[PDB]
């Protein structure tokens, strides 16, 4: 029993136009070949799918049930092919990495240069993290490795975790080219504050010391790049990850404007669920565990 998918396309076209020669024209085949292909499909399915003796063409009951069967099969084929489009383009050494945007922009570039040129050289497919379903996508195999921040669920079994680094959220403000912060915590009035979502990881970090500082929330966002840009535009102060403002701190575009008690520790991890990955995935995991 062998069903050829373009027979399913043949039958669906014939179902909508109800004429053998016109359906043959729509599918760029001659009428005898289209008729023979419909007959081959009928032989494989084991039923007369079409009443060939009446014009316009009518569907048999079996034809009517196999019409929905064929539509389902066609759509399933199309979906399955779309699911592997990206992966197939990159090859057998593709590694699906879900990652937080700042984590990705910080970590992937240095990983990319440590790869050797051989037959199992990984090819990265990095997608921004889905905050709500990252754990479920990790279990289901939608991605091989997750670059995320400290999470009490992903850090524990049945998942494997690896601490990449522990840094700090630093409260920063912009400077004049003389190099001096435009905002401070020394005044009596609150300072314009560019905040994270209070329920996000970094927002939960800032809430610990919120009572130690007078802040006026003027802008909220989950994207640390957004808070960084708004700090650079003199709009306010923000707690930014140290790894995101290294050039800005080496230059004098930005400055830490707090005491050491305001600098808040954060950690980020690589997470996985499969006990054994393909060779490229294991190489990516190994390189992540030893980010020099």
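Residue numbers count along the first chain shown, from 1.
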Of the two stretches 140 to 148 and 190 to 198, which shows the higher Cα B-factor on average in the entry? 190 to 198
Quick one: say whether 177 to 185 or 88 to 96 has the higher mean Cα B-factor in the deposited entry. 177 to 185
Taking the Cα B-factors listed in the entry, which of 251, 62, 44, 235 comes out highest? 251
When you compare the CA B-factors of 127, 78, 168, 133 as listed in the entry, which one comes out on top? 133
In terms of its chain's C-alpha B-factors, the third that includes residue 107 is the lowest
Place residue 267 in the lowest, middle or highest third of its chain's C-alpha B-factors, as listed in the PDB entry. lowest
Lowest, middle or highest third: which one holds residue 71 when the chain's residues are ordered by CA B-factor from the entry? middle
CA B-factor placement of residue 120, once the chain's modelled residues are sorted into thirds: highest
Sorting by Cα B-factor within the chain, modelled residues only, which third would residue 282 end up in: lowest, middle or highest? lowest
